[PDB]
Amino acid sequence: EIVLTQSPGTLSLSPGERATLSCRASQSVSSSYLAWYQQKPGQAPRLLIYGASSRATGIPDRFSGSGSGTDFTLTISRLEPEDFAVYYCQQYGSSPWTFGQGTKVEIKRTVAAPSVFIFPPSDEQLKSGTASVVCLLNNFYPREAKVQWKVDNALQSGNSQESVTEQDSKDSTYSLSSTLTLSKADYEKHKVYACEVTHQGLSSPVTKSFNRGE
């Protein structure tokens, strides 16, 4: 096999800068048999570059490719918020047609405070015997956030699950959803439900709360 090493593992840059991604092969590979793909979240790979220097049809000029022998470079000049993706290099001139590990290109942004929302379980879900409480953290950067569930001023542990979206292609923010799951009985034993958000963009932790039945 031919080993494809991409460098670096992750790449954080502000919009407008120039990103330089390196792809190295364990032995020489023909230039007209190296390709660059761009993969966005929830999307198929897209042919960015072929032949190590040729742009596929409809690909913008800010994408460029170069290199030879055992070293190839994909350069994204004039970086844009929509360019957050994983970029892959593939050689297809010698079987097996190996891929690189990919390079994660992320966008730098001003610090943004999350917007915190709370949703009590619906009556339809209560009739089923299980209760789900959702705390939503909307449009914050950086990724690092802390969510604490409190039931009657009692800190919860081992019963909540978080989910973070990918970086937005427009404002480069993140969004978090935390789901607290209880039984009908356990949910109805208590009164006040609160989720506490600690984040860099907040001077003090922000608690959003609701009262069961009001």
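From 1 onward, residues are counted along the sequence shown.
Checked against the record, the higher mean CA B factor of 183 to 191 and 160 to 168 lies with 183 to 191.
For the pair 38 to 46 and 149 to 157, the mean B factor over Cα atoms is greater in 149 to 157.
As recorded in the PDB entry, 130 shows the highest C-alpha B-factor of the residues 130, 138, 90, 94. The deposited CA B-factor of residue 126 belongs to the highest third of values across its chain. Ranked by C-alpha B-factor against the other modelled residues of its chain, residue 105 falls in the highest third.
In the deposited entry, the Cα temperature factor of residue 77 places it in the highest third of its chain's modelled residues.
In the deposited entry, the Cα temperature factor of residue 70 places it in the highest third of its chain's modelled residues. When the modelled residues of the chain are ordered by C-alpha B-factor, residue 26 sits in the middle third.
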